[PDB]
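**Student:** This is the structure I want to talk about, given as structure tokens.
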Amino acid sequence: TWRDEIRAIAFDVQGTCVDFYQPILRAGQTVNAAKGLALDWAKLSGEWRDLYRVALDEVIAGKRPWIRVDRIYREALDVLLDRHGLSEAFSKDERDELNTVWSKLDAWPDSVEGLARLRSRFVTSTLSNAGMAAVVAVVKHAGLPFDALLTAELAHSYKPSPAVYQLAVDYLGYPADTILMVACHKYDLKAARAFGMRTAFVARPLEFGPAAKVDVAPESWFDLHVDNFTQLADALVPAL
Amino acid sequence: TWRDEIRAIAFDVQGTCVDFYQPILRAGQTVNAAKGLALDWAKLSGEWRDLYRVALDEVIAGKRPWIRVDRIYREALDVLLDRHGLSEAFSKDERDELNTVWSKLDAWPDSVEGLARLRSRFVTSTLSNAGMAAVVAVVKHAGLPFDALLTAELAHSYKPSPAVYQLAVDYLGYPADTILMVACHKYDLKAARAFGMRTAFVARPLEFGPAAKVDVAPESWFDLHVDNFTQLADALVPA
């Protein structure tokens, strides 16, 4: 089978391995307390994220120079606070400190043990859009075990550019057809498949909190489609 | 003193963290047995290193374009076999297999525990000349703990280029004066100091085998000078 030819597994990080919704809720509640406000961060996080993607789509479309993911979020925070008329309640230092949330994310309950099992049999690596320094911090904070840390910053191009997937080929040292790409975002796997990798979709229905409705429907072209990393490890590294 | 200003520590890998002398001797015993040869791998070790050094110097001087470390060694192996009249004895496949030795290097006895102690208090990273895939392989083979793996391949230029040290700043996210550079090679530390990092020299007197006389003498400009990673961790993560 193709499962026996896999040598390396590359993982998206934000969303796929770690939760950012509860970190934002926690960070925003410490802000609500220290400044006596009552902002609904459950809705604010969706607002922030929607501003981020507009700016990201402009970078991808070439309408704007390359900029690191954390800096996109930092600038969208300025727009978010202004569209809510709190620009003068938040100094730059408070905005900078609120934006550090992206480097302190929570492992999903299945992530660490499943990553550890996979590391015992494969070469494992990150491959996400975020900046290298942010992913270094996220991986360290959440205790994720990986053999390598790669991100799109090493290509100064964002997914779905083939140059991002070529980073795994060049820097892990394996051809595309021996790398499994793991993500909870379908467009990432669609690009990885076009590039020649095998694909594994992970359902993360809480990625945007309890109220959003996440697309977790199957696709015929996935190679694997799992609920969580326990199932992923049990599929690729049967333990008993 | 300055140890609470440090946020990240960057490590050279080949030599500093891992031994590459015994892996050559080990690979050579296997070759000798397979082919019925009696090659002197203690001497071939040094000859291969010397050929590598000449080729790397030509890259740094701009006489030949940037090429990955393992490919420099692979080309030097062809030259080495030609000098010893062995080109008919070794096929391309056999040379390729012999050259995998550079991804199969062994931790010095002190490396794993020292790295673990440091990672508990600092962000730790590799920063070496070798290719990314080779350092991924060496770190996994020797079980070295790191928070990040960076190499000069990410700049396509070799030490002492400032572009290499800038990788640690850009990709770990700390300014140079909060990064400590650890190496057993003085020229690397000299460049890192000029770039703005703190420096820690680790003496590796067996790096070239039991007969060589390695420069491990103290220098006034080192921030730290230690004999192994045990003493390195003792200096930076006390009690």
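Residue numbering restarts at 1 in every chain; chains get A, B, ... in the order shown in the structure tokens, and ligands count up from 1 in that same order.
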Residues of chain B within 9 Å of chain A, counting only C-alpha atoms - could you list those as a PyMOL selection string?
**Tutor:** chain B and resi 123+131-134+136-137+139-140+146-150+153-154+169-174
**Student:** Write the selection just made, keeping N, CA and C atoms, as a short mmCIF file (atom, residue, chain, number, x, y, z; two decimals), in the first residue's frame?
**Tutor:**
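Okay, this is what ended up in part18.cif:
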```cif
data_model
loop_
_atom_site.label_atom_id
_atom_site.label_comp_id
_atom_site.auth_asym_id
_atom_site.auth_seq_id
_atom_site.Cartn_x
_atom_site.Cartn_y
_atom_site.Cartn_z
N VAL B 123 14.62 29.07 24.91
CA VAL B 123 14.31 28.61 23.57
C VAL B 123 15.62 28.13 22.95
N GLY B 131 23.02 20.95 5.71
CA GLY B 131 21.70 21.09 5.12
C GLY B 131 20.60 20.82 6.13
N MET B 132 19.42 21.39 5.86
CA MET B 132 18.28 21.21 6.76
C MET B 132 17.93 19.73 6.91
N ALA B 133 17.86 19.00 5.79
CA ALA B 133 17.44 17.60 5.90
C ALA B 133 18.45 16.79 6.69
N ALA B 134 19.74 17.11 6.54
CA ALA B 134 20.76 16.36 7.28
C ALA B 134 20.69 16.67 8.78
N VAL B 136 17.91 17.67 10.40
CA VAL B 136 16.71 16.96 10.84
C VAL B 136 17.04 15.51 11.14
N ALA B 137 17.81 14.88 10.24
CA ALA B 137 18.15 13.47 10.41
C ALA B 137 19.10 13.25 11.58
N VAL B 139 19.55 15.15 14.28
CA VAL B 139 18.88 15.42 15.55
C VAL B 139 17.99 14.25 15.93
N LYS B 140 17.27 13.69 14.96
CA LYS B 140 16.41 12.55 15.25
C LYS B 140 17.22 11.30 15.58
N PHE B 146 15.52 19.93 20.82
CA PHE B 146 15.60 21.33 20.42
C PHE B 146 14.19 21.87 20.21
N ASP B 147 14.03 23.19 20.39
CA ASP B 147 12.76 23.83 20.03
C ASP B 147 12.67 24.20 18.55
N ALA B 148 13.79 24.32 17.85
CA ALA B 148 13.78 24.69 16.44
C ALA B 148 15.03 24.16 15.76
N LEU B 149 14.93 23.90 14.46
CA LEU B 149 16.07 23.47 13.66
C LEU B 149 16.29 24.47 12.54
N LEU B 150 17.39 25.22 12.63
CA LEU B 150 17.79 26.19 11.62
C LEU B 150 19.16 25.83 11.08
N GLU B 153 21.50 26.58 5.20
CA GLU B 153 20.76 26.39 3.95
C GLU B 153 19.63 27.41 3.80
N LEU B 154 19.06 27.87 4.91
CA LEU B 154 17.95 28.82 4.83
C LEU B 154 18.39 30.18 4.33
N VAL B 169 17.80 35.36 14.63
CA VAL B 169 17.02 36.53 15.04
C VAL B 169 15.63 36.50 14.40
N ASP B 170 15.58 36.30 13.08
CA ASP B 170 14.32 36.40 12.36
C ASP B 170 13.38 35.25 12.70
N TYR B 171 13.93 34.05 12.88
CA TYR B 171 13.09 32.86 12.97
C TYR B 171 12.89 32.36 14.39
N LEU B 172 13.72 32.79 15.35
CA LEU B 172 13.39 32.58 16.75
C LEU B 172 12.69 33.79 17.37
N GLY B 173 12.90 34.98 16.82
CA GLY B 173 12.17 36.16 17.26
C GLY B 173 12.78 36.89 18.43
N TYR B 174 14.10 36.92 18.53
CA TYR B 174 14.81 37.61 19.60
C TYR B 174 15.96 38.39 18.99
#
```
**Student:** Once DSSP has gone over the backbone, tell me which residues of segment 1-62 of chain B are in strand (DSSP E or B), as a short mmCIF file (atom, residue, chain, number, x, y, z; two decimals) with N, CA, C and O atoms, in the first residue's frame.
**Tutor:**
```cif
data_model
loop_
_atom_site.label_atom_id
_atom_site.label_comp_id
_atom_site.auth_asym_id
_atom_site.auth_seq_id
_atom_site.Cartn_x
_atom_site.Cartn_y
_atom_site.Cartn_z
N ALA B 8 17.33 32.94 24.04
CA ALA B 8 17.45 31.81 23.12
C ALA B 8 18.91 31.40 23.01
O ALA B 8 19.82 32.22 23.17
N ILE B 9 19.14 30.11 22.75
CA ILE B 9 20.48 29.58 22.60
C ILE B 9 20.54 28.82 21.29
O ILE B 9 19.70 27.94 21.04
N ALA B 10 21.52 29.15 20.45
CA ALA B 10 21.70 28.55 19.13
C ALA B 10 22.95 27.69 19.15
O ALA B 10 24.01 28.14 19.60
N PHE B 11 22.84 26.46 18.65
CA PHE B 11 23.91 25.48 18.73
C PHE B 11 24.40 25.08 17.36
O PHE B 11 23.61 24.67 16.51
N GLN B 14 27.25 19.57 14.01
CA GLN B 14 28.35 18.66 13.72
C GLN B 14 29.61 19.08 14.47
O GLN B 14 30.06 20.23 14.35
N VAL B 18 27.59 16.56 18.30
CA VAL B 18 27.73 15.18 17.87
C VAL B 18 29.14 14.92 17.34
O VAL B 18 29.82 15.82 16.81
N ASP B 19 29.58 13.67 17.51
CA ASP B 19 30.87 13.17 17.02
C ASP B 19 30.66 12.63 15.61
O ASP B 19 29.70 11.90 15.36
#
```
**Student:** Neighbours of residue 204 of chain B within 8 Å (only C-alpha atoms; same-chain residues fewer than 2 positions away dropped), as a ChimeraX atom specification?
**Tutor:** /B:15-16,184,202,206-207,214,216,227-228
**Student:** Which is closest to residue 200 of chain B among B:27, B:42, B:233, B:212, if we use only C-alpha atoms?
**Tutor:** B:233
**Student:** Using only C-alpha atoms for the distances, tell me which of B:74, B:84, B:43, B:121 is nearest to residue 100 of chain B.
**Tutor:**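 Checking each of B:74, B:84, B:43, B:121 against residue 100 of chain B, counting only C-alpha atoms, the winner is B:74.
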**Student:** Residues at most 7 Å from segment 66-72 of chain A, counting only C-alpha atoms, excluding those fewer than 5 positions away in the same chain, as a PyMOL selection string?
**Tutor:** chain A and resi 52+55+59+130-131+156
**Student:** What are the nearest atom pairs, with distances in Å to one decimal, for all residues of segment 214-240 of chain A that come at most 12 Å from segment 5-18 of chain A, using only C-alpha atoms, set out by chain and rising residue number as a tab-separated table?
**Tutor:**
```
residue	atom	partner	partner_atom	distance
A:214	CA	A:15	CA	11.7
A:226	CA	A:16	CA	11.6
A:227	CA	A:16	CA	11.2
A:228	CA	A:16	CA	9.4
A:229	CA	A:17	CA	8.8
A:232	CA	A:9	CA	11.3
A:233	CA	A:9	CA	11.4
A:236	CA	A:6	CA	9.6
A:237	CA	A:6	CA	11.7
```
**Student:** Now that the selection is made, can you save its residues with C-alpha atoms as a short mmCIF file (atom, residue, chain, number, x, y, z; two decimals), in the first residue's frame?
**Tutor:**
```
data_model
loop_
_atom_site.label_atom_id
_atom_site.label_comp_id
_atom_site.auth_asym_id
_atom_site.auth_seq_id
_atom_site.Cartn_x
_atom_site.Cartn_y
_atom_site.Cartn_z
CA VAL A 214 -17.46 24.03 10.33
CA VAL A 226 -10.01 11.29 10.86
CA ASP A 227 -11.82 12.66 13.88
CA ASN A 228 -8.67 13.25 15.91
CA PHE A 229 -4.99 12.35 16.19
CA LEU A 232 -4.73 9.04 13.02
CA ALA A 233 -2.04 7.30 15.07
CA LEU A 236 -0.73 4.57 10.86
CA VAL A 237 1.06 3.17 13.97
#
```
**Student:** What is the atom CA of residue 152 of chain B to atom CA of residue 126 of chain A distance in Å?
**Tutor:**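 Distance between the two atoms: 19.2 Å.
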**Student:** Need the shell around residue 223 of chain B: protein/DNA/RNA residues with any atom at most 10 Å away, counting only C-alpha atoms. Skip same-chain ones fewer than 5 positions apart. Format as a ChimeraX atom specification?
**Tutor:** /B:2,180-181,189,193,197-201
**Student:** Suppose you want the space between atom CA of residue 4 of chain B and atom CA of residue 194 of chain B; what is it in Å?
**Tutor:** 20.8 Å
**Student:** If you count only C-alpha atoms, which residues fall within 12 Å of residue 94 of chain B, apart from same-chain ones fewer than 5 positions away, as an MDAnalysis selection string?
**Tutor:** chainID B and resid 27 30:31 34:35 74 77:78 81 86:89 99:100
**Student:** Emit the selected residues as a compact mmCIF listing (two decimals), in the first residue's frame, including N, CA and C atoms.
**Tutor:**
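Once everything was written out, this is again24.txt:
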```
# COMPACT_ATOMS: atom_id res chain seq x y z
N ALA B 27 31.56 3.18 9.77
CA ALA B 27 31.16 2.93 8.39
C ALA B 27 32.28 2.27 7.60
N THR B 30 32.64 -1.54 8.06
CA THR B 30 31.64 -2.25 7.26
C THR B 30 32.08 -2.35 5.81
N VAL B 31 32.61 -1.26 5.25
CA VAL B 31 33.10 -1.27 3.87
C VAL B 31 34.26 -2.25 3.72
N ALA B 34 32.99 -5.78 3.69
CA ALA B 34 32.18 -6.13 2.52
C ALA B 34 33.04 -6.34 1.29
N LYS B 35 34.07 -5.52 1.11
CA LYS B 35 34.86 -5.51 -0.11
C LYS B 35 36.19 -6.24 0.02
N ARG B 74 29.99 14.58 -0.71
CA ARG B 74 29.81 13.54 -1.74
C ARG B 74 30.77 13.73 -2.89
N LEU B 77 34.25 12.83 -1.78
CA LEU B 77 34.43 11.38 -1.76
C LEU B 77 34.91 10.87 -3.11
N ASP B 78 34.32 11.36 -4.22
CA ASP B 78 34.83 10.96 -5.53
C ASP B 78 36.32 11.26 -5.67
N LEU B 81 38.38 8.78 -3.52
CA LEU B 81 38.49 7.44 -4.10
C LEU B 81 39.41 7.43 -5.32
N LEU B 86 40.52 3.77 -6.21
CA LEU B 86 39.35 3.00 -5.82
C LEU B 86 38.10 3.33 -6.63
N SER B 87 38.21 4.11 -7.72
CA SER B 87 36.98 4.47 -8.43
C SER B 87 36.30 3.26 -9.06
N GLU B 88 37.07 2.26 -9.51
CA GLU B 88 36.44 1.06 -10.05
C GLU B 88 35.78 0.21 -8.96
N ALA B 89 36.25 0.32 -7.72
CA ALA B 89 35.72 -0.51 -6.64
C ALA B 89 34.39 -0.03 -6.07
N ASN B 99 28.15 7.88 2.00
CA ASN B 99 27.99 9.29 2.33
C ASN B 99 26.78 9.57 3.23
N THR B 100 25.89 8.59 3.46
CA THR B 100 24.82 8.80 4.44
C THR B 100 25.36 8.95 5.86
```
**Student:** Give me the residues near segment 34-46 of chain A as a PyMOL selection string, where near means some atom within 10 Å (using only C-alpha atoms) and where sequence neighbours in that chain fewer than 2 positions away do not count.
**Tutor:** chain A and resi 20-22+24-32+48-52+80-81+84+89-90+208-212
**Student:** Taking the DSSP secondary structure from the backbone, can you list the residues of segment 4-212 of chain B that are helix (DSSP H, G or I), as a PyMOL selection string?
**Tutor:** chain B and resi 4+21-35+41-60+69-83+92-103+111-119+132-142+152-154+162-172+176-178+186-195
**Student:** Can you measure atom CA of residue 207 of chain A to atom CA of residue 141 of chain A for me? One decimal in Å is fine.
**Tutor:**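 Interatomic distance, atom CA of residue 207 of chain A to atom CA of residue 141 of chain A: 18.5 Å.
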